[PDB]
Every structure is written in C-alpha cells, then in structure tokens.
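Side chains included, hydrogens not; waters and symmetry mates left out as well; all remaining heavy atoms used. The sequence lines fix the lettering, A, B, ..., with proteins before strands; numbering per chain opens at 1.
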Amino acid sequence: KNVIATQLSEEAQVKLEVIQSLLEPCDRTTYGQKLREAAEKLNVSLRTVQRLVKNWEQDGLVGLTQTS
DNA sequence: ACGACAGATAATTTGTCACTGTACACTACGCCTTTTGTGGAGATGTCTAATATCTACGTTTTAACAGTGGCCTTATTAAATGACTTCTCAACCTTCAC
C-alpha cells in the first residue's frame, strides 16, 4: 500500500530539485545533457543520477530518501 | 542503459567511563463487615405401666323353721268329783178311841 514521504532532509530536497528539473519531457538527444546539467549540481557522476532516477521510479520520493 | 566486478564508506552495534537521579530515611496484610454451620443450654411438650381404689361380681354359710313321717291299744266295771235330765211337791172324809 501507499508509502508517503515526510520530513525530507535538505539533501533529499536537492535530490527533489534535480528530479523536478528532469521531469521536463526529454529524449536521448535531450536526456544526456539535461541529466549532465543536473549531475554537475549533484556534483557526482552520471550513473548515480541513473540509479537516483531508477529508485525514484521504483519507489517515488521514498526511493530518493535513504532507508536505514 | 544499466548494472555489475572488487573495494570505499556511512552507518550499525559493542564497549568505556564520567556523570546523575534516586532511594535509603520503615510504614500494609490490616480494619471492618457480613454470613453461617456447629454447639449449650433450658423451657416446654410427650405419654405410659402400675399400684393401687373401690365397688361389684355375686358365691358360701347359717339358722330358722316348715314340712314329712313314725309312734301312740282298747273293752268293762266300780269309785270320787263336776254336770245334765226326768219325776214329785193331795185333801176331805171315816173310824176308833176319853
């Protein structure tokens, strides 16, 4: 059933801030650079943003917020 | 792309040790109520054998006397006594004697 995110920490808000920018509809000719302009503000390599968006789709806002 | 090798790295628990909040300060099984089955007199009710009493049952004994039954010989003549009965209870005249 439903899992609701609450008490998001500020680095999770940073994760939200990229996710809300990647939510603009894109294609391979646009994903790569619109990802990279986020990777530079995540300050971490592209593949982590891939796992971030993976977990975001896999679990939502509670996917980008770490589980103990 | 993603995810897939060996290894980094942010947790996660294990273990130290300075610090502090707290009890020890004697102070619950005890006060009080109700039910309740067991128990001790103690007034009262229960109801008999029996040793008379208390007359009668009537039943013996007495004597009094009543009735039955046996016996008792009968004659004559005399006497005494007491009685009974019957009969009787004249009257004038003549004759011879003094």
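Applying the side-chain contact (heavy atoms from CB on, under 4.5 Å) rule to A:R51 yields the partners A:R47; only residues at least two apart in sequence or on another chain are considered. Taking the salt bridge (charged side-chain N to carboxylate O under 4.0 Å, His left out) definition, one finds that A:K34 meets it with A:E37, sequence neighbours left out. Looking at residues two or more places apart in sequence or on another chain, you find a side-chain contact (heavy atoms from CB on, under 4.5 Å) between A:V14 and A:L42.
Sugar pucker of B:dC89: north, as indicated by a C1'-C2'-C3'-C4' torsion of positive sign. With its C1'-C2'-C3'-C4' torsion below zero, B:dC29 shows a south sugar pucker. Sugar puckers are classed by the sign of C1'-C2'-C3'-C4'; that of B:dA11 comes out south, on the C2'-endo side. When the pucker is read from the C1'-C2'-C3'-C4' torsion, the sugar belonging to B:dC87 turns out north, on the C3'-endo side. B:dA83 has a positive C1'-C2'-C3'-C4' torsion, placing its sugar in the north range.
Cluster note: A:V3 groups with A:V62 through ILVMFWY side-chain heavy atoms spaced under 4.5 Å, whether in direct contact or through intervening members. Taking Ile, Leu, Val, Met, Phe, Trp and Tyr as hydrophobic and joining them when side-chain heavy atoms fall under 4.5 Å apart, one finds A:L23 isolated, its cluster having no other members.
In the hydrophobic cluster analysis, where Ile, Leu, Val, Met, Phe, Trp and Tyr join through side-chain heavy atoms closer than 4.5 angstrom, A:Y31 is grouped apart from A:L22.
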Expected rows: protein N/O vs nucleotides 3-10 of chain B N/O, under 3.5 Å:
unit_1	atom_1	unit_2	atom_2	d
B:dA4	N1	A:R51	NH2	2.8

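Note that the OG1 atom of A:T6 and the CD1 atom of A:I4 stand 8.5 Å from one another [nearest 0.5 Å]. With values rounded to the nearest 0.5 angstrom, A:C26 atom SG is found 7.5 Å from A:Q33 atom CD.
A gap of 15 Å separates the P atoms of B:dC29 and B:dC24, to the nearest Å. When the P atom is compared between B:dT22 and B:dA18, the two are found 23 Å apart, to the nearest whole Å.
In terms of heavy-atom proximity, A:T65 sits nearest to A:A12 at OG1-CB, 3.9 Å.
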With Watson-Crick and G-U wobble geometry limited to distances under 3.5 Å, how should the secondary structure of DNA chain B be encoded in dot-bracket form, using | for bases paired to another strand and [ ] for crossing pairs? ..................................................................................................
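Contacts between residues 14-38 of chain A and DNA chain B, defined by a heavy-atom separation under 4.0 Å, are absent. Within residues 58-68 of chain A, the residues having any heavy atom under 4.0 Å from DNA chain B are, by residue number, A:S68.
Stacking check, B:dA18 with B:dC19: both criteria met, centre separation under 5.5 Å and interplanar angle under 30°. For the pair B:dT22 and B:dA23, the rule of 5.5 Å between ring centres and 30° between base planes classifies them as stacked.
Each of A:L35, A:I19, A:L64 was compared with A:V53 under the side chain to side chain contact (heavy atoms under 4.5 Å, CB included) criterion, and only A:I19 meets it.
Pairs passing the side chain to side chain donor-acceptor pair (under 3.5 Å) check and including a residue from residues 52-62 of chain A, sequence neighbours excluded, do not occur. Counting only residues at least two apart or on different chains, the side chain to side chain donor-acceptor pair (under 3.5 Å) pairs with a member in residues 7-28 of chain A are A:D27-A:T30.
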